[PDB]
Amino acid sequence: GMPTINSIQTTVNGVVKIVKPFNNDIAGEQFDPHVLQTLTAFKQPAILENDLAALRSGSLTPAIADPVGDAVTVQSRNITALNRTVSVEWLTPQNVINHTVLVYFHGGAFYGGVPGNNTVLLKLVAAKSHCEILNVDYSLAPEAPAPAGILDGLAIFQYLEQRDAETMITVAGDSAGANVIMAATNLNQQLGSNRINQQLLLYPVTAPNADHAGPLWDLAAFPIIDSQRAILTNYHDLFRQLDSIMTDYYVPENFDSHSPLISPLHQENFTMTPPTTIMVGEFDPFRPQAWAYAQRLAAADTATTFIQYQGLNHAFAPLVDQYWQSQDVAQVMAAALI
């Protein structure tokens, strides 16, 4: 039982923009009530400790209620290509359709997270689209910093393309995992592969460690009602802190975060970039850089859709038992695969 929401669709700078309010009374500029009750801790400022283990301690999502169940099979397997062995959580639905396949990289600030954090979301997508999904357990920083994760993605692609010559690969991911797979896709294209025909990006980090006094990190871009403004400020400030810390773990000394393969926003050219759908919450600190990315695509004549979920924050999509918007993401993804 999902709500009937009146979404607003416009076209800004070539980008098809779809703004989805959390209900039909409030059009924007406040948190969804469901979201707000999770942000209580943000009434006081947070000081993020640069401690890798403590940080990872908060990257494990406890099991989400699974309405799909045995309708989709979830099994682990290793695949090997380019002398890399990558573990994937492989999802197979009933009546699987051919050629179309989805590759997903989980979020977790480059250094953390687990594939299990979005298993249920993907089960919904696989059950609805009848497509197989690779929920990839990609290399994590700082033990395997950039471009290890990128190369795992490239191995996955090479595997998929050699397995089947008619495969159409959709790449997806949330947050920092979306960043990693965007770069792997770029790399795959610079070697001459055209099998990736679509990107589904959930609140991606497109410019890690961007200027925090710059336009992509300006709180003036997030108007909100008075009673929720201290929370937003402290929330946004936590991610500001995370953005610095996570990029430090991800990028080794010999590399630079402002490079095209670390910051996809800074690619010199976006014309080979596949058709992309981006889904992000109104109050996600990574929203402006995601939008900037979208505009860069559209200017390169690549079809781009930007869905904004009003009242939502970061990392909401796997939480399909908490937000209708999460179920809507699952539907948008499935619809993009059929």
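For every residue, the number given is its place in the sequence shown, counted from 1.
*Asks:* So which stretch wins on mean C-alpha B-factor, 250 to 258 or 111 to 119?
*Replies:* Comparing averages over the C-alpha atoms only gives 250 to 258.
*Asks:* Between 60 to 68 and 41 to 49, which has the higher average C-alpha B-factor in the PDB entry?
*Replies:* According to the PDB entry, the answer is 41 to 49.
*Asks:* Can you pull the Cα B-factors for 30, 295, 277, 308 from the entry and say which is highest?
*Replies:* Comparing C-alpha B-factors across 30, 295, 277, 308, the maximum falls on 295.
*Asks:* Taking the Cα B-factors listed in the entry, which of 99, 106, 240, 195 comes out highest?
*Replies:* Comparing C-alpha B-factors across 99, 106, 240, 195, the maximum falls on 99.
*Asks:* What third of its chain, lowest, middle or highest, does the C-alpha temperature factor of residue 291 fall into?
*Replies:* Middle third - that is where residue 291 ends up once the chain's C-alpha B-factors are sorted.
*Asks:* Hey, what third does residue 152 fall into on Cα B-factor, ranked over its chain?
*Replies:* Ranked within chain, residue 152 CA B lands in the lowest tercile.
*Asks:* Grab the CA temperature factor for residue 215 from the record and place it in the lowest, middle or highest third of its chain.
*Replies:* It falls in the top third of the chain.
*Asks:* Determine, from the deposited record, the chain-internal third of the Cα B-factor for residue 36: lowest, middle or highest.
*Replies:* Tercile = middle for this residue's CA B-factor.
*Asks:* Going by the CA temperature factor in the PDB record, which third of the chain does residue 203 belong to: lowest, middle or highest?
*Replies:* Answer is middle: the recorded C-alpha B-factor places it there.
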